[PDB]
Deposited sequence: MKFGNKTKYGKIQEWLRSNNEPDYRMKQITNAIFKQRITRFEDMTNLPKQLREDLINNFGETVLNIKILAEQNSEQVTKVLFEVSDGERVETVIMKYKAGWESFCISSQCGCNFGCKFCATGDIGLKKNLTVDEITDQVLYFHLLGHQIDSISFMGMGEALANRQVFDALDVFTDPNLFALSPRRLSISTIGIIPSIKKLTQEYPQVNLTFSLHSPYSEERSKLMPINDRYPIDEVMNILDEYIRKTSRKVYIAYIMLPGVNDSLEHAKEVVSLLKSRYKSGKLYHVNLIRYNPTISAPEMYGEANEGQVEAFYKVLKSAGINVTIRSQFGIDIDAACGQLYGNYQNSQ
């Protein structure tokens, strides 16, 4: 039980320890939040009463530091807009897969301000308290979720056996190509599903599309994803959102082929996801594009949702 000196679960633990409260008192708190699913300190009746109120004064009434505001709508996709800190709004998404599967697409950012690990983990803790079971978590909401070092603390919270107790395999992070963050994630949370946002194999059309490519080129992000593949022998997903007419050519597809086939193990531990588009038509070329990577032995899946 060591919850990290920047999450709210750590402050409570070593505030009770500074009040000379025994070590089992934090476990009573965590089991109430995650196993009994109790939101407020007062309904944690296993605690003493003035301990419940000492916890209320220093940490507020509830365990949540986000608030719901709008719950816009549901049926297969339930988005929510919470309020945090400086009246900030942040948006979270629930892809209710029709087989049931609740995947939580949380956000790490808001001029681009970053949320604390509390504001990130509560996007999940909120729905856990209502009755939802957290099957998977994905950092694919606001911005690119590796410009925020708090995400690494959020991973520790989600995988903590005394908190959410989620497996790292249930967690997914999509990156823009920030190399130093990839290496930190490579050997600290390797079982986390890593997705690389490519969107054009051309080193120049790409920084015209996503300016971060200018300091972190395709070549050297594909090199750090390679040492990932070598050291953890896991699959990296190549996301490719296809803009009509722009990047859905045939030799865009085949330049994606040689880009992978030149990599470690000829790009075969990669997995390309071809993202479809809604309001040039594209429902026909995606298929040719699909076959061009498929004919070349590239593991490829079409995602139309």
- [ ] Walk along the deposited sequence from position 1 and note every stretch that has no C-alpha coordinates.
- [x] 111-125, 295-303, 330-349
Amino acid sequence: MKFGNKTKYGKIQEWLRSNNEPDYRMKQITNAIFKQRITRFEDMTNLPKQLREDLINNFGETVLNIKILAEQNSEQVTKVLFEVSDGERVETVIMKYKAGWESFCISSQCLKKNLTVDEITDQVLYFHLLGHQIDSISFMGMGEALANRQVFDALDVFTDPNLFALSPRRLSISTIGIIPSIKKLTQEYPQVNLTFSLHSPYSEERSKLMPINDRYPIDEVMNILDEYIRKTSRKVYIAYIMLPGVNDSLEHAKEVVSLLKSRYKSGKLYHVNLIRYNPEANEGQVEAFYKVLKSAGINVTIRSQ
From here on, numbers count along this sequence of modelled residues.
TODO: Would you mind comparing 165-173 and 101-109 for me and telling me which has the higher average C-alpha temperature factor in the entry?
DONE: 101-109
Open item on the list: On mean Cα temperature factor in this entry, is 215-223 or 114-122 the higher one?
Closed with: 215-223
TODO: Name the residue from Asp160, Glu83, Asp153, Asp135 with the greatest C-alpha temperature factor listed in the entry.
DONE: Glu83
TODO: Name the one of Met210, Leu130, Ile229, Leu194 with the greatest CA B-factor according to the PDB entry.
DONE: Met210
Task: Among modelled residues of the same chain, the CA temperature factor third for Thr7 - done: middle
Task: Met1 - which third its CA temperature factor falls in, relative to the rest of the chain - done: highest
Open item on the list: Ranking every modelled residue in this chain by its Cα temperature factor as given in the entry, which third contains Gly141?
Closed with: highest
Task: Cα B factor band for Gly87 (lowest, middle or highest third within the chain) - done: highest
TODO: Could you look up the Cα B-factor of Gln28 in the entry and say which third of the chain it sits in: lowest, middle or highest?
DONE: lowest
